[PDB]
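For reference, the structure discussed in these notes is given below.
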Amino acid sequence: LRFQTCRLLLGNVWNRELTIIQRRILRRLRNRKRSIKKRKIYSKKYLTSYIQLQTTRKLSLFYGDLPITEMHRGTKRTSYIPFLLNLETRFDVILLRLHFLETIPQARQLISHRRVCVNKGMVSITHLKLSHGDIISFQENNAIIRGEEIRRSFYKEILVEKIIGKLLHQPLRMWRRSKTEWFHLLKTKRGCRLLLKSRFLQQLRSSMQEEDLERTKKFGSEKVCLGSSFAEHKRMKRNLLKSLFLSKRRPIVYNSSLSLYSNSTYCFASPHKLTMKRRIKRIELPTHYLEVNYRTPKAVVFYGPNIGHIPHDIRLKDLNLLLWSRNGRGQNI
Amino acid sequence: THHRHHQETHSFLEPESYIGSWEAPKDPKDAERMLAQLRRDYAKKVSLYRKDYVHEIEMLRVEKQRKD
Amino acid sequence: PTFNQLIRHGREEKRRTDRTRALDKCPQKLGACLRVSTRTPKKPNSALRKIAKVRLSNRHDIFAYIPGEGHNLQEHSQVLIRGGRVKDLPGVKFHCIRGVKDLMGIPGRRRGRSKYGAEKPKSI
RNA sequence: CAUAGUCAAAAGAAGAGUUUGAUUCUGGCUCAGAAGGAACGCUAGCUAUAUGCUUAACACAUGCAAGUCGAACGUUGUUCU
RNA sequence: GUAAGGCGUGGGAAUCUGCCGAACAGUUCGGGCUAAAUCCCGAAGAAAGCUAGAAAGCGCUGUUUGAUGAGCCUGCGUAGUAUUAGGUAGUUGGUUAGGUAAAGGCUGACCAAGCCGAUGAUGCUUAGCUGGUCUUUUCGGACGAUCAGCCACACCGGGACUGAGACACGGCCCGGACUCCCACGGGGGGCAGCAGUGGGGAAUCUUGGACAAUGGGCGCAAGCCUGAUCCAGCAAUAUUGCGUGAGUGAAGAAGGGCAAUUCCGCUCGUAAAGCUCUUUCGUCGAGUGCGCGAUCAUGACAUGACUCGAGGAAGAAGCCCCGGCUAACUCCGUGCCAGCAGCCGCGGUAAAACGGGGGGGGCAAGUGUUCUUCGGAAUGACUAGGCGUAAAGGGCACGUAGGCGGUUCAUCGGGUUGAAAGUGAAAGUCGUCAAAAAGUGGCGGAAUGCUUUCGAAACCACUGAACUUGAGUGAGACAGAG
Ligand SMILES: [K+]
Ligand SMILES: [K+]
Ligand SMILES: [K+]
Ligand SMILES: [K+]
Ligand SMILES: [K+]
Ligand SMILES: [K+]
Ligand SMILES: [K+]
Ligand SMILES: [Mg+2]
Ligand SMILES: [Mg+2]
Ligand SMILES: [Mg+2]
Ligand SMILES: [Mg+2]
Ligand SMILES: [Mg+2]
Ligand SMILES: [Mg+2]
Ligand SMILES: [Mg+2]
Ligand SMILES: [Mg+2]
Ligand SMILES: [Mg+2]
Ligand SMILES: [Mg+2]
Ligand SMILES: [Mg+2]
Ligand SMILES: [Mg+2]
Ligand SMILES: [Mg+2]
Ligand SMILES: [Mg+2]
Ligand SMILES: [Mg+2]
Ligand SMILES: [Mg+2]
Ligand SMILES: [Mg+2]
Ligand SMILES: [Mg+2]
Ligand SMILES: [Mg+2]
Ligand SMILES: [Mg+2]
Ligand SMILES: [Mg+2]
Ligand SMILES: [Mg+2]
Ligand SMILES: [Mg+2]
Ligand SMILES: [Mg+2]
Ligand SMILES: [Mg+2]
Ligand SMILES: [Mg+2]
Ligand SMILES: [Mg+2]
Ligand SMILES: [Mg+2]
Ligand SMILES: [Mg+2]
Ligand SMILES: [Mg+2]
Ligand SMILES: [Mg+2]
Ligand SMILES: [Mg+2]
Ligand SMILES: [Mg+2]
Ligand SMILES: [Mg+2]
Ligand SMILES: [Mg+2]
Ligand SMILES: [Mg+2]
């Protein structure tokens, strides 16, 4: 059924729990994907047939096994930008984006079975387009199970994403034995409160803050910091040269000024350091166009989606073969 | 052509007392005569409306002629 | 040509002969077999291709190919005829449709079997 | 003031195989797209809206598809008081 | 059937117009149909009366009008074919009579010799036309089926009558073919209305329900008719629709396939089963109905829908393909056989190409095959191609039509151009919103055009006066197997 699609796409496109055997298969599949990417220089069919078919397959998997090629061919447009922006306003897609449910098939089952409301009326149309001003809610007898499942999704999300890979990179079997003790703490509201107010997650937060700060240097952030503060960074060197001229022509001051200037030069001139450890993939929140109150839960659409904020795991260079977007301006172009 | 002309010069009318004004007689023959008289009155009112509309169209035509 | 020449004498179309004139712009035509025989292919191919001489309902005489392995056709058997030539055999421009009228389907065929009139085998 | 004001009327431009020992050109054949009042094979759960003798303007069983007015007019004959 | 007596578009004069709206005047008297009349005839001036049950309400007649239709005419636009070059003889025109509601060779008579045609008449073949449908970077091509507008036809030919209107699908007369009765003398019929049947064909539906809605006829109404319509039935024929579950699950079960027989040996495969959740669609059981279509009232659809309840993943996945073009590979069988094939090509003992197993890819209630159209095809080239050697410069000229072609100044307003008015039906295409959830509508835009009025005056055409650079002459010198 669905794990076999990883063999077709040479990566983890399946989103269920992998066995030991499936991880051993994925190692070989990712080796194949690495050897194919090196081989691209000598492939005549790489751009027009291979990458485009793989991207279309990934997009079809992403939107819950929809016929993406067929529906896009229904329109006469070459680029996928208006087609994908229109797909983001669907009712099942939005119910996935709000994190009220886990997968697109869950959302389709809930909408089809007459259990989600739009503007307090029951709407059972899975492909319905929501424009700005629409209010989304659940049924009164249905909303308590939805609230429980939303809490479970978020707290097992932090425990299963933000705790396994962030500084607790444990082997599989012993982390699986360790997860029972972590699941017992989430059994109570007091345990969730105390996990939230803990120095463990505070250290994890501080390390992730520093890690996000380091990744900004790939854009030359520290050079912009130096360009903002060029005059006073120079004034430090003027002060050092003035002191080392005046108080020397006839030593803690010299050591202090040297330490400060070397610290500043190191902080402003050190290149970006991309470490071996893989970046943790974070859950996105659709706050540019969807306003959510997770207590009931309810939501209101107030804006349109963005072509650069669709949470697909496809690279930009591959997806540009379908979108043809001038990226970098922030617009839906 | 504009909102103000329509909002000021529209005849908004009261409730019509003709609706529900039938009183059931004790003789079906008299009831048939009464319904026949109602039809005749409707014909007279329609003819008066036709005359009013004829005069309105004539005045508009005269104004357009003098403007042209 | 000049524009004046095109005004006087326009542009004609390309002239291409009809491929299946005997079908008379119909998708299929019923026929009756006159002679069932074999024919050898044009070289470099070599076989014994099973054909049938068919008189159509519009009184056209054609040669039609019998596809698949084995058939039950005889003289005076009703066959439904569709277009499509056989490249080995010049003068054979049509096909017999398997599983309709007298030409039976091929049981035991398993792959591509709607082109041979074969039903889906029921699972037991 | 305001049931005002906003100036929209498109989108749509793709190539491949096949003549030669190889090449470029000329030039056809074939293929990938969309579609139909379609037909046939295999296979089929549902709702809705469309469409459904393209051939013989061939021959037609049967029932129905144009009547209404007694407020135009006599006529005869039914009942009952 | 019809190639222009049609159609599209815009105009015109020499006409008529029931019902409908609005004025005015009348509605009198005799006779006839076995009996009468709003039937027929006569007199004036044309007529017609009914109702005190419909008594100042209908109806009729005459005259002026509006409105709607109809007849007639006309400019422009609208197939192929020259291996069809002449066609016409009431033909083309004139005069005078007749006919028509009305112009008119519409036609009798007389007179003239015209009229049409290489800007394609006439002949032959095919064809209803339009709005539009499909396709397409604009253009074009194919089509003209549904629906709407116009026309033509109603078994095949020919006629007229009645009528406001017909030369009349379910009217009449005549002739013909076919057919059904006949008591044998003679009569009757016309589904290309809706259903339906034979037949032909690859192929195309029920001998259904109701006049509830909308439209139409008659009636003062009450109503009555209405196979118009509305609504059900059959058919994957079409449609960017929905569903066939959502999670979890390792004994990685059994079984199937492959394997130096590599890593649970690899794979079918988290796939199944099992376990938990939800029951859309369909199924079953009920309940309200001025929910709604319809209102003063009337509901065929409706055994529907809506609302509630029962139940259990239960009832719902195929078809084509896997040598290249073109996404997807192994085993067995066969051995130039059997077979495959859109093209190139495969098969002669290790076939990824034939046929089966196993696996996989694309689409998906469809998917292939055939037919047909456009595209790719710049492969009839306006957009947008060519002709030395590849298809293609006429052997070479002269000239008809046609096409194309210098300057200035002045005039003009046909083309051109600007604005206004009329028209360009609705539906469809495009924009937008709302509605709806496979369904609808409003407002726009577009409809590139034609007619009228009034501006402009550069260009094209036309008119006038001029110019000399292109063409042609003269005078004087020449050359030449013209
Ligand atoms: K075959
Ligand atoms: K018309
Ligand atoms: K006829
Ligand atoms: K009715
Ligand atoms: K089919
Ligand atoms: K099931
Ligand atoms: K000349
Ligand atoms: Mg050659
Ligand atoms: Mg028809
Ligand atoms: Mg009568
Ligand atoms: Mg001709
Ligand atoms: Mg015809
Ligand atoms: Mg035509
Ligand atoms: Mg007939
Ligand atoms: Mg009449
Ligand atoms: Mg008459
Ligand atoms: Mg009839
Ligand atoms: Mg019929
Ligand atoms: Mg038959
Ligand atoms: Mg009615
Ligand atoms: Mg009436
Ligand atoms: Mg009916
Ligand atoms: Mg569909
Ligand atoms: Mg249900
Ligand atoms: Mg029920
Ligand atoms: Mg009702
Ligand atoms: Mg029904
Ligand atoms: Mg491939
Ligand atoms: Mg072998
Ligand atoms: Mg193949
Ligand atoms: Mg094979
Ligand atoms: Mg072309
Ligand atoms: Mg083109
Ligand atoms: Mg050209
Ligand atoms: Mg060329
Ligand atoms: Mg040339
Ligand atoms: Mg020459
Ligand atoms: Mg030559
Ligand atoms: Mg001038
Ligand atoms: Mg002019
Ligand atoms: Mg229109
Ligand atoms: Mg519409
Ligand atoms: Mg619209």
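Basis for what follows: all heavy atoms, side chains included, without hydrogens, waters or symmetry-related copies. Letters A, B, ... mirror the listed sequences (proteins, then strands); counts begin at 1.
Across all strands shown, the partner of E/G355 is E/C332, judged by Watson-Crick or G-U wobble contacts whose two distances both fall under 3.5 Å. Across all strands shown, E/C147 pairs with E/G131; the Watson-Crick or G-U wobble distances both stay below 3.5 Å. In this structure, E/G315 and E/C281 make a Watson-Crick or G-U wobble pair, each of the two defining distances being under 3.5 angstrom. The partner of E/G255 is E/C268, by the rule that a Watson-Crick or G-U pair needs both atom distances under 3.5 Å. The partner of E/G157 is E/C174, by the rule that a Watson-Crick or G-U pair needs both atom distances under 3.5 Å. Look at E/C306: its Watson-Crick or wobble partner, with both distances under 3.5 angstrom, is E/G287. In a base pair of the Watson-Crick type (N1 to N3 plus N6-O4 or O6-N4) or a G-U wobble (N1-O2 and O6-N3), with each distance short of 3.5 Å, E/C430 is matched with E/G444. Remark: E/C39 base-pairs with E/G32; criterion is Watson-Crick or G-U wobble with both hydrogen-bond distances under 3.5 Å.
With P as the reference atom, D/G45 and E/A317 are 8 Å apart, rounded to whole Å. E/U370 and E/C306: their P atoms are spaced 45 Å apart (whole Å). Across the P atoms, E/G171 and E/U179 are found 25 Å apart, a figure rounded to whole Å. E/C224 sits 40 Å from E/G186 when the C1' atoms are compared, rounded to a whole Å. A gap of 43 Å separates the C1' atoms of E/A365 and E/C129, to the nearest Å. Taking atom P in both E/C151 and E/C169, one finds a spacing of 14 Å when rounded to whole Å.
Contact annotation: the side chain of B/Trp22 approaches that of B/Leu38 to within less than 4.5 Å [non-hydrogen atoms, C-beta and beyond]. Taking 4.5 Å as the limit, every side-chain heavy atom of A/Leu66 sits out of range of all side-chain heavy atoms of A/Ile104.
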Contact state string [nucleotides 259-271 of chain E, B base, S sugar-phosphate only, - no protein heavy atom under 4.0 Å]: ----BB--SSSSS
Going 5' to 3' through nucleotides 25-36 of chain D and flagging B where a protein heavy-atom sits under 4.0 Å of the base, S where only the sugar-phosphate is that close, and - otherwise, we get ---SS---SS--
Assign a letter to each nucleotide of nucleotides 308-322 of chain E from its 5' end: B, base within under 4.0 Å of a protein heavy atom; S, sugar-phosphate only; -, no contact. -----B----SSSS-
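E/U92 and E/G163 make neither a Watson-Crick nor a G-U wobble pair with both donor-acceptor distances under 3.5 Å. Between E/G274 and E/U248 there is a Watson-Crick or G-U wobble pairing whose two distances both come in under 3.5 Å. For E/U206 with E/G199, the Watson-Crick or G-U wobble criterion does not hold with each of the two distances under 3.5 Å. The bases E/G293 and E/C301 are paired, Watson-Crick or G-U wobble, with both atom distances under 3.5 Å. If you check E/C344 against E/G323, you find a Watson-Crick or G-U wobble pair, both contacts below 3.5 Å. For the criterion of Watson-Crick or G-U wobble pairing, both bonds shorter than 3.5 Å, the nucleotides E/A310 and E/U411 do not count as partners.
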Taking Watson-Crick (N1-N3 plus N6-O4 or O6-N4) and G-U wobble (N1-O2, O6-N3), each under 3.5 Å, can you produce the dot-bracket string of RNA chain D? Use [ ] for crossing pairs and | for inter-strand ones. ..............((((.........)))).||||.|||||..||.||||||....|||.|.|.................
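Protein atom NE2 of C/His9 is 12 Å distant from nucleotide atom P of E/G80, rounded to whole Å. Atom P of nucleotide D/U3 and atom NE2 of B/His2 are separated by 15 Å, given to the nearest angstrom. One can place CE of B/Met34 at 18 Å from P of E/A221, the figure rounded to the nearest angstrom. Counting to the nearest Å, the P atom of D/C1 and the NE2 atom of B/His3 are 9 Å from each other. Note: CD (C/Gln5) to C1' (E/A392) measures 13 Å, nearest angstrom. Computed from coordinates, the A/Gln54 CD to E/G361 P distance equals 11 Å when rounded to whole Å. When rounded to the nearest whole Å, the span between CG of A/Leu101 and P of E/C277 equals 18 Å. Atoms CH2 (A/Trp324) and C1' (D/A14) sit 11 Å apart, rounded to a whole Å.
For E/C220, the OP1/OP2 oxygens have no side-chain nitrogen or oxygen of B/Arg39 closer than 4.0 Å. For E/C344, one of the phosphate oxygens OP1 or OP2 lies less than 4.0 angstrom from a side-chain nitrogen or oxygen of C/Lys87. Taking only side-chain nitrogens and oxygens, C/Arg82 never comes nearer than 4.0 Å to OP1 or OP2 of E/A202. For E/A22, the OP1/OP2 oxygens have a side-chain nitrogen or oxygen of B/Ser47 closer than 4.0 Å.
Evaluation of the salt bridge (charged side-chain N to carboxylate O under 4.0 Å, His left out) rule for C/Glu12 yields no partner, not counting sequence neighbours.
Side-chain polar atoms of A/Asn31 and A/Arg28 form no donor-acceptor pair below 3.5 angstrom. In this model, a donor atom of one side chain and an acceptor atom of the other lie less than 3.5 Å apart for C/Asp88 and C/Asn45. At a cut-off of 3.5 Å, with distance as the only test, a side-chain donor of A/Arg57 or A/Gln54 sits close to an acceptor on the other residue.
Heavy atoms of A/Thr103 sit under 4.0 angstrom from primed sugar atoms or phosphate atoms, though from no base atom.
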Identify the pairs formed between an N or O of the protein and an N or O of nucleotides 333-339 of chain E at a distance under 3.5 Å, and give each distance.
| residue | atom | partner | partner atom | Å |
| --- | --- | --- | --- | --- |
| E/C337 | OP2 | C/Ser46 | OG | 2.5 |
| E/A338 | OP2 | C/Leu48 | N | 2.9 |
| E/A338 | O2' | C/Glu69 | OE2 | 3.0 |
| E/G339 | OP1 | C/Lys50 | NZ | 3.0 |
| E/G339 | OP1 | C/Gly70 | N | 3.3 |
| E/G339 | OP2 | C/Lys50 | NZ | 3.2 |
| E/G339 | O5' | C/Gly68 | O | 3.2 |
| E/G339 | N7 | C/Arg49 | NH1 | 2.7 |
| E/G339 | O6 | C/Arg49 | NH2 | 3.2 |

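Taking 3.5 Å as the limit, the base of E/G385 and the side chain of C/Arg11 contain a donor-acceptor pair of atoms between them.
Judged by ring centres under 5.5 angstrom apart and ring planes under 30 degrees, E/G293 does not stack on its strand neighbour E/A294. Stacking between D/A9 and D/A10 does not hold, since their six-membered rings do not have both centres below 5.5 angstrom apart and planes below 30 degrees. Annotated as not stacked: the bases of E/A259 and E/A260, by the 5.5 Å centre and 30° plane rule.
C/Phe63 carries C/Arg39 over the face of its six-membered ring, with the cationic atom under 6.0 Å from the centre and within 45° of the normal.
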